[PDB]
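Asker: This is the structure I want to talk about, given as structure tokens.
2 protein chains.
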Amino acid sequence: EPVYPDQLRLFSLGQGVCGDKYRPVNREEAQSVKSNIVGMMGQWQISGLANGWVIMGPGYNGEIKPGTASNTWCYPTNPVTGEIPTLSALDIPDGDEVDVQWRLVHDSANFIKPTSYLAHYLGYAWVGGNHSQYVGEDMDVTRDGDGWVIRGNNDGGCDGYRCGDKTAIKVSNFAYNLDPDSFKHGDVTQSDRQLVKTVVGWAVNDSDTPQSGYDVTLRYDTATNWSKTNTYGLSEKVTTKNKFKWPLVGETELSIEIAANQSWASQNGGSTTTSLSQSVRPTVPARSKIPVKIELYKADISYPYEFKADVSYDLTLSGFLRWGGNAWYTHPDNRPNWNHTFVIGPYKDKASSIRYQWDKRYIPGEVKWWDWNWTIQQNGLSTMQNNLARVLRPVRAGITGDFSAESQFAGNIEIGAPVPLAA
Amino acid sequence: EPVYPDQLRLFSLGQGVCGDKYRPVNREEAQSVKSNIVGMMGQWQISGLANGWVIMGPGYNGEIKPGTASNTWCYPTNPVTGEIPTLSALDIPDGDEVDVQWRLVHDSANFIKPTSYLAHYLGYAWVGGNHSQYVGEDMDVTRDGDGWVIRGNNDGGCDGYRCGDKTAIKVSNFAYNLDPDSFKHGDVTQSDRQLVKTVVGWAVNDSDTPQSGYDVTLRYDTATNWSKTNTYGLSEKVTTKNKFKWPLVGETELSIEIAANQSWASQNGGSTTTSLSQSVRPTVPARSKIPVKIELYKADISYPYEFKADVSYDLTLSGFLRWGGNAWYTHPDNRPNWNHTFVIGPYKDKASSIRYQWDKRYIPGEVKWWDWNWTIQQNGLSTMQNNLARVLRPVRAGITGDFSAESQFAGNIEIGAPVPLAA
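Going line by line, the protein sequences match chains B and A. For the first sequence, counting from 1, position 133 maps to 134 in the entry's author numbering; every step adds exactly one. For the second sequence, counting from 1, position 20 maps to 21 in the entry's author numbering; every step adds exactly one.
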């Protein structure tokens with residue numbers, strides 16, 4: 002049962018090994034401590050363990066061995082959750098894609114103030130005068146050409162320096178998924194149509210008894226192929242020549258030549274073909290003559306689309322962290338800028354919520370982001386939870402719209418009147 | 002009925018051929034003894050057999066021939082099982098993958114002490130001070146970067162030498178299978194989606210009587226091809242030339258040349274193509290006009306996954322055996338390190354349980370591991386069984402999790418309203 006770093010600090014009142022009246026500190030959790038020992042322990046500082054052993058701070062190489070000292074047994078006795086307080090989905094007023102996206106990007110309470118605050122906790126640098134932990138006095142929120150948030154340059158002041166830098170938040174290339182029945186596409190319209198091909202046929206059934214269906218099967222297949230090969234060839238030739246020459250016609254210059262040829266080659270390539278292959282088969286239980294018509298065509302298609310509530314959010318932040326100026330531990334301080342991943346949408350290795358959980362459990366997997374735990378030393382990591390919740394929660398609002406694409410193949414089958422036949 | 006080496010030692014009290022009052026020792030089982038004669042017999046020592054014959058120890062070449070002597074008839078009269086005492090599956094507290102795996106790797110009673118003890122019986126070297134047959138005083142259990150168990154270097158002492166070596170146990174690359182209904186994947190979410198293609202169509206059925214369905218069949222096929230060829234060519238050319246030259250224009254330098262060419266080549270190659278080929282066919286028993294829409298798309302898919310109990314364990318040990326310093330018999334003592342297979346999961350030739358059984362039966366098949374029987378000489382092989390059971394038994398605990406993968410193809414079929422048609 003892994004112990005979270007939050008409460009892990011020293012219990013001042015406690016004695017430890019001599020009888021704390023708490024649940025014992027053990028070896029299993031003790032080994033798990035190594036990566037954040039600096040947070041908990043002073044260089045020389047010593048801490049105990051229930052099996053009659055002790056831990057030492059960063060000053061020493063120390064293995065887990067015998068000693069006497071206090072520590073937290075208290076926290077392990079009653080662990081606390083660590084969870085996000087509320088997952089609830091946000092409801093924003095509905096509209097069209099332009100406006101809905103804007104409202105989301107515009108929201109001070111729902112987007113900006115919380116995103117900025119989260120940024121503040123996470124390491125982002127500050128700019129100029131301040132009002133609270135988020136968006137400063139001079140700071141402002143305007144739109145980038147891309148639709149992202151941006152501010153004016155003139156004032157400057159990042160980290161209290163005259164440089165031009167400003168924080169920006171990207172709008173995502175939105176992607177959504179919808180579990181419910183709540184959305185729909187309307188009737189199609191063909192802007193333009195060209196007719197590629199037609200095929201017609203019929204079944205003639207004069208006789209009374211034998212009645213059977215007819216099958217027309219088509220295939221329209223077009224394909225492209227691409228390949229490249231590289232060949233290496235080596236030629237070895239040894240030759241000898243004599244000048245005796247044979248009187249009739251040996252040849253004055255008589256040469257014999259042997260050539261050995263070796264060549265090898267490797268290649269790769271591939272092709273893709275698309276086929277439109279319709280099959281029509283009328284059962285036609287009637288004594289008749291039945292025309293059938295099968296059509297292939299190309300067209301421009303457009304559909305109006307009914308409003309859909311859900312949207313997924315992809316966020317990566319700006320590169321301000323390098324300016325950040327906070328105690329790092331995991332990373333060295335470096336000038337060159339690095340964009341930090343915020344992924345809200347579910348990508349397991351990328352997503353922030355998981356990383357938050359992972360930091361609590363402690364897992365040594367591969368990582369490329371600044372960790373969550375250093376906030377505990379710096380800010381305490383309390384009462385922040387709602388702020389994180391603001392960023393993490395799903396947001397939805399109905400956006401009505403269009404469905405359109407490049408011109409596509411389409412097809413059709415028409416059936417005629419089964420004309421009465423007689424013998 | 003093969004006799005196990007366990008009880009096979011000499012019966013001190015017995016006379017043997019003269020009338021032991023036990024079931025007879027026979028030739029069939031006697032021949033099976035050769036590979037472990039050294040355990041049972043002294044160099045000169047002699048042992049009997051019921052058909053009036055005798056066996057001799059390693060000092061002699063001895064065939065099975067006449068003589069008089071005692072042996073065990075006693076054990077063969079009443080054989081004992083040799084089995085693992087209990088197969089029962091372990092129950093560990095549930096959780097997420099990070100924590101469940103940890104708890105398993107952390108368990109002193111269930112994992113470490115028994116695994117170490119098993120290692121001790123099997124030939125693994127010891128380190129420094131000891132407390133019992135398993136994990137020594139100085140020895141400790143901490144985590145490797147990989148998640149494996151490791152300990153500190155400073156103290157040293159393997160086999161009582163200052164060298165750095167320490168024992169390590171690998172966490173497996175977990176693999177599991179589940180017979181029961183007990184697990185599930187939740188609703189899918191699409192992180193991102195790109196639409197590859199769309200095809201639309203309809204069946205028009207104005208006339209009252211003829212009603213029949215419509216079939217749209219698609220194929221999207223993409224493929225890659227790779228190949229390499231090597232060609233060898235040999236050229237043999239004999240030429241002759243004369244300088245007579247023909248007055249009009251024979252050519253002053255008149256040459257005739259014959260070239261024989263031989264070439265051959267061999268090649269190998271292959272290609273793979275994947276096709277997405279949907280078929281949609283509405284029966285549509287109605288007089289109507291029915292639109293159909295078929296879609297191909299690409300997307301990122303993610304599913305939350307319900308907890309699953311079972312996990313299979315793959316274990317191979319460290320390379321400590323070379324340091325081991327025990328009586329070998331089968332293998333020569335060598336310095337270079339060799340990792341020894343522990344396979345818990347079922348791989349027939351690899352698995353430990355089978356090898357244990359195989360050692361009891363005696364089978365000369367190909368083998369690449371230290372055998373089980375030498376433990377009998379060294380430790381007696383008693384009361385160990387529960388320890389082996391600790392390692393061998395299946396372990397399970399529900400791990401909830403995610404299901405994710407690289408972006409994949411997906412598709413969809415939509416059907417329209419069958420619009421009433423009239424003649």
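Don't be surprised by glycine CBs; every beta carbon is placed ideally from N, CA and C.
Note down, in chain order, every chain A residue with its Cβ under 9 Å from the Cβ of residue 432(B).
Answerer: In the structure displayed, chain B extends from 2 to 424; residue 432(B) sits before or after that span and is not available.
Asker: Quick one, which of 118(B), 121(B), 120(B) and 101(B) has its alpha-carbon nearest residue 148(B)'s?
Answerer: Comparing Cα positions, the closest option is 101(B).
Asker: Put residue 415(B) into one of helix, strand or coil per three-state DSSP.
Answerer: Note: residue 415(B) maps to strand in three-state DSSP.
Asker: Residues in the same chain with beta-carbon distance under 7 Å from residue 113(B), minus the five sequence neighbours each way, listed in chain order, please.
Answerer: Closer than 7 Å at the Cβ level, and outside the excluded window around residue 113(B), lie 136 and 142.
Asker: In angstroms with no decimal places, state the Cα-to-Cα distance between residue 251(A) and residue 228(A).
Answerer: Computed Cα separation, rounded: 49 Å.
Asker: Could you please give the first and the last residue of the uninterrupted beta strand (DSSP E) stretch that includes residue 106(B)?
Answerer: Taken as a continuous stretch (DSSP letters only), residue 106(B) belongs to no beta strand (DSSP E), being part of the alpha helix (DSSP H) at 98-107.
Asker: Which residues of chain B have a Cβ atom closer than 7 Å to the Cβ of residue 185(A), listed in chain order?
Answerer: Chain B residues near residue 185(A): none, gap ~16 Å exceeds 7 Å.
Asker: Against chain C, which members of the region 325-355 of chain B pass a CB distance test of less than 7 Å?
Answerer: Of the protein chains in the structure, B and A, none is chain C.
Asker: If the cut-off is 7 Å on Cβ atoms, which residues from the region 299-324 of chain B count as contacting chain A, listed in chain order?
Answerer: Flagged, chain order: 302 and 313.
Asker: Comparing C-alpha positions only, which one of 311(A), 371(A) and 247(A) sits nearest to residue 353(A)?
Answerer: Closest by alpha carbon: 371(A).
Asker: Residue 276(B) to residue 423(A), Cα distance in whole Å?
Answerer: Each residue's Cα considered, the two are about 33 Å apart.
Asker: Determine, for residue 10(A), whether the minimum Cβ-Cβ distance to residues of chain B falls below 8 Å.
Answerer: With 8 Å as the cut-off, residue 10(A) does not count as an interface residue toward chain B.
Asker: I'd like to check one pair, residue 52(B) with residue 72(B): are the Cβ atoms closer than 8 Å?
Answerer: Contact: no.
Asker: Along chain A, in chain order, which residues have C-beta atoms closer than 9 Å to that of residue 359(B)?
Answerer: Result: 99.
Asker: Residue 289(B) by DSSP, collapsed to three states: which one?
Answerer: In the structure shown, residue 289(B) sits in a strand (DSSP, three-state: E or B).
Asker: Are the C-beta of residue 224(A) and some C-beta of chain B separated by less than 8 Å?
Answerer: True, the Cβ-Cβ gap to chain B drops below 8 Å.
Asker: Would you check if the region 308-325 of chain B and the region 124-140 of chain B touch, i.e. whether three or more CB-CB distances between them fall below 8 Å?
Answerer: These segments touch.
Asker: How far does the alpha helix (DSSP H) with residue 114(A) in it extend, from its first residue to its last?
Answerer: Residues 114-123.
Asker: Who are the Cβ neighbours of residue 262(A) in its own chain at under 6 Å, not counting the five residues just before and after it?
Answerer: Cβ within range, chain order: 236.
Asker: Tell me, which residues are paired with residue 198(A) by DSSP?
Answerer: In the DSSP output, where bridge partners are listed per residue, residue 198(A) has 297(A).
Asker: Taking 8 Å as the CB-CB limit, is residue 85(B) close to chain A?
Answerer: Not an interface residue.
Asker: Which runs of the alpha helix (DSSP H), 4 residues or longer, sit entirely within the region 7-39 of chain A?
Answerer: DSSP runs (the alpha helix (DSSP H)) wholly in the region 7-39 of chain A: 28-32.
Asker: In angstroms, rounded to a whole number, what distance separates the CA positions of residue 392(A) and residue 314(A)?
Answerer: Whole-angstrom Cα-Cα distance: 10 Å.
Asker: To the nearest angstrom, how far is the alpha carbon of residue 406(B) from that of residue 301(B)?
Answerer: So the two alpha carbons sit approximately 8 Å from each other.
Asker: Among all the DSSP beta bridges, which residues are the ones paired with residue 341(A)?
Answerer: Beta-bridge pairing links residue 341(A) to 318(A).
Asker: Consult DSSP for residue 65(B) and reduce its assignment to one of helix, strand or coil.
Answerer: Coil, per DSSP.
Asker: Between the Cα of residue 373(B) and the Cα atoms of 360(B), 198(B) and 381(B), which residue gives the shortest distance?
Answerer: Nearest C-alpha to residue 373(B): 360(B).
Asker: For my contact list, residue 217(A) and residue 281(A) are in at a C-beta cut-off of 8 Å; report their separation, rounded to the angstrom.
Answerer: Right, their Cβ atoms sit about 5 Å apart.
Asker: Determine the direct distance from the alpha carbon of residue 176(A) to that of residue 24(B), and round the result to whole angstroms.
Answerer: Going by the C-alpha atoms only, they are around 35 Å apart.
Asker: Buried or exposed: residue 399(B), going by 16 or more other Cβ atoms within 10 Å of its Cβ?
Answerer: Residue 399(B) comes out buried.
Asker: If you draw a straight line from the alpha carbon of residue 404(B) to that of residue 160(B), how long is it in whole angstroms?
Answerer: Computed Cα separation, rounded: 46 Å.
Asker: How far does the beta strand (DSSP E) with residue 268(B) in it reach, from first residue to last?
Answerer: Where residue 268(B) is concerned, the enclosing beta strand (DSSP E) stretches over 255-277.
Asker: With the cut-off set at 8 Å, would you say residue 171(A) and residue 316(A) are in Cβ contact?
Answerer: Their beta carbons are under 8 Å apart, which means residue 171(A) touches residue 316(A) by this criterion.
Asker: In chain order, what residues of the same chain have a beta carbon less than 7 Å from the beta carbon of residue 105(A), not counting five sequence neighbours either side?
Answerer: Cβ within range, chain order: 93, 112 and 396.
Asker: Runs of 3 residues minimum, wholly inside the region 320-408 of chain A: which ones carry the beta strand (DSSP E) assignment?
Answerer: Runs of the beta strand (DSSP E) inside the region 320-408 of chain A: 396-405.
Asker: Please report the straight-line C-alpha distance between residue 194(A) and residue 350(B), rounded to a whole angstrom.
Answerer: If I take the Cα positions, the gap works out to 19 Å.
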